[PDB]
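Shown next, in structure tokens, is the structure this report addresses.
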2 protein chains.
Amino acid sequence: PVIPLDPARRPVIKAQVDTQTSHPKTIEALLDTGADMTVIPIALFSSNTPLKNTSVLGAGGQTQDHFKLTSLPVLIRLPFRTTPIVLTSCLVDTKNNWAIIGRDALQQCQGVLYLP
Amino acid sequence: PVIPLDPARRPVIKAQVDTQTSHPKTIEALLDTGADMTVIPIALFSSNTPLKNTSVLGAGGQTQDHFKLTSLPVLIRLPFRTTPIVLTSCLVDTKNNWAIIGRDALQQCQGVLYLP
Ligand SMILES: CCC(CC)CN(C[C@@H](O)[C@H](Cc1ccccc1)NC(=O)O[C@H]1CO[C@H]2OCC[C@H]21)S(=O)(=O)c1ccc(N)cc1
């Protein structure tokens, strides 16, 4: 679909996310052309799963271990798509439990930004 | 135009930004559906101009005084638009010197995100 853009209403969608470490779960995610890489909440995992450490530039500065990287691919199913998006790896938010769909995922839908 | 989305290439545009506190300048700005409010580099203002304090949602944590708010409106002109975008207020980057076109401005462009 077409997603209108408004400062007052964040552009979110419901996504079924499969980390391959528990059953798939539906989350509400921010669609974000300024994010290079998708971010999913640590709440989707088991607390026995291995993650890798990572650096990331952010809007508050540069932090230590706020974000981790998944070891296995993550599959994401959108309501309007038959096929899952398969991300070889994506970021994991161990604090705020943000859910952000980034350009790695939007490229696989062939999503585009259109300014008339 | 149509702007394809790619994890490896940031969706950027050239925009002429008028802070009304110095002469207008063309800068390169990131097109960002995840930003509620447009962000302008402090370099575009005069060093005699008043800005106000405020907090901002950001990655890596919470940024008290990284970002300030403008006192006067900001006008933005795009390559394909004669008429300016008028932002009654927008964020100012006093450090990393980022330029981000947020949803306040994309709404006046009639910009949209399209997922096939
Ligand atoms: C410099 C912005 C960077 C580009 C390198 C990208 N950000 C996306 C941003 O859209 C983020 C996404 C975000 C949205 C809401 C709450 C937390 C994060 N929010 C944000 O910083 O925008 C702020 C400025 O406008 C204001 O309105 C919304 C927040 C304010 S991010 O959160 O720090 C981010 C950076 C890299 C990856 N791989 C994933 C996410």
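Tabulated results
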item: Projected label distance in nm at A:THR49 and A:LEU72, using a 7 Å step from Cα toward the beta-carbon; result: 0.7 nm
item: Ascending list, in nanometres, of distances separating the A:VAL12 label from those of the other copies (7 Å, Cα toward Cβ); result: 3.2
item: Long-range amide H partners of B:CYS90 with built H, under 5 Å; result: B:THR70
item: Expected 222 nm ellipticity per residue - DSSP helices of 4 or more, -39500 (n - 2.57), all of chain B, to 500; result: -1000 deg cm²/dmol
item: Proximal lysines relative to A:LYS25, as straight alpha-carbon distance under 26 Å, when same-chain residues fewer than 8 apart are discounted; result: A:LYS14, A:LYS52, A:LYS68, A:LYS95
item: In sequence order, calculated HN-Hα J values of the range B:87-94 (Karplus, 6.51, -1.76, 1.60; Hz; x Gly/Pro); result: 9, 5, 7, 7, 6, 10, 8, 8
item: For the range B:97-106, Karplus couplings with θ = phi - 60° (6.51, -1.76, 1.60), whole Hz, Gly/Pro x; result: 6, 7, 10, 9, 8, x, 6, 3, 7, 5
item: Mean separation of Cα contacts under 8 Å (6+ apart) over length of chain B, as relative contact order %; result: 31 percent
item: Label spacing, shortest first and in nm, from B:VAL86 to its equivalents in the remaining copies (7 angstrom along Cα→Cβ); result: 5.2
item: Distance between the range A:25-60 and the range B:1-55 - C-alpha centres, whole angstrom; result: 26 Å
item: In the range B:1-97, chymotrypsin sites (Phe, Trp or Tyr not before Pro) in a DSSP loop with at most 15 other beta-carbon atoms within 10 Å; result: B:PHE80
item: Amide H partners (placed H, <5 Å) of B:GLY61, local residues excluded; result: A:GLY60
item: Three-way shape label, chain A, alpha-carbon gyration tensor, a/c 1.5; result: oblate
item: Cα centre as origin, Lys/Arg/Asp/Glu Cβ charges: chain B dipole, Debye; result: 180 debye
item: From phi via Karplus (6.51, -1.76, 1.60), per-residue ³J(HN,Hα) for the range B:60-69 in Hz, x at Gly/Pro; result: x, x, 10, 10, 5, 10, 4, 10, 10, 10
item: At 7 Å out from Cα toward Cβ: B:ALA43 inter-copy label distances (nm, ascending); result: 4.1
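When we count neighbours, we look across all protein chains shown, and the Cβ atoms used for this are built from the backbone with ideal geometry, even at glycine. Rule-based calculations on the coordinates, nothing more; no lab input.
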